[PDB]
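>>> can't give you the sequence, but here's the structure:
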């Protein structure tokens, strides 16, 4: 645990993760692309949809 | 070769005497360099002088 080390009362928002992604990944792979994932059947471009 | 984040470099240098063609012969390939990089690679280009 690292509760007292980095967690702040304002909420340590530096700890990010990929929650939405098109497919499962192969072992030993990393991804840093940040494109907006079409979670619905409609396509969407720009900055949000 | 690129398998599981691992880039394998095998080589053989040979003195020859031929102007255009690929000769018929047999000599195995010793491994030279492994690199534990971890990139998804799809294309490659050689570079001349």
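Right, received. Where do you want to start? Numbering: from 1, shown residues only, chains lettered A, B, ... in the order given.

>>> ok, now how distant is the residue of chain A most remote from its centre from chain B?
The C-alpha centroid of chain A is most remote from residue A:4, which lies 24.1 Å away (CA atoms, centre = their mean). Look at residue A:4 and chain B: by CB to the nearest CB, to the nearest Å, they are 33 Å apart. (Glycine included, C-beta is placed from N, CA and C.)

>>> Show me what from chain B comes close to chain A.
Neighbours of chain A within chain B, by CB under 8 Å from any CB of the partner chain: B:4, B:5, B:38, B:40.

>>> Could you verify my assumption that the third one touches residue A:29?
The one in question is residue B:38. Yes. Using CB atoms under 8 Å, residue B:38 is in contact with residue A:29, at 7.3 Å.

>>> Identify the contacts common to these two.
residue B:5 (CB atoms under 8 Å, 6 or more residues apart in numbering or on different chains).

>>> check contacts around the residue in chain B that chain A sits nearest to.
At 4.7 Å from chain A, residue B:5 is the closest residue in chain B, using CB to the nearest CB. Neighbour list for residue B:5: A:28, A:29, B:36, B:37, B:38, B:39 [criterion: CB under 8 Å, 6+ apart].

>>> Could you tell me how many residues sit around the third one?
By the other CB atoms under 10 Å in any protein chain shown criterion, the neighbourhood of residue B:36 contains 9 residues.

>>> what's the answer for the last one, then?
The number of residues packed around residue B:39, counting by other CB under 10 Å, is 11.

>>> what about stretch A:41-49, start to end distance?
When the termini of stretch A:41-49 are compared using CA to CA, to the nearest Å, they are 12 Å apart.

>>> Now for the contacts of residue B:5: which two are most distant?
A:29 and B:36 (13.4 Å; CB to CB).

>>> which non-adjacent residue is nearest the residue in chain A that chain B sits nearest to?
Nearest residue of chain A to chain B (CB to the nearest CB) works out as residue A:28 at 4.7 Å. Nearest residue to residue A:28 in three dimensions, chain neighbours excluded: residue B:5, at 4.7 Å (CB to CB, 6 or more residues apart in numbering or on different chains).
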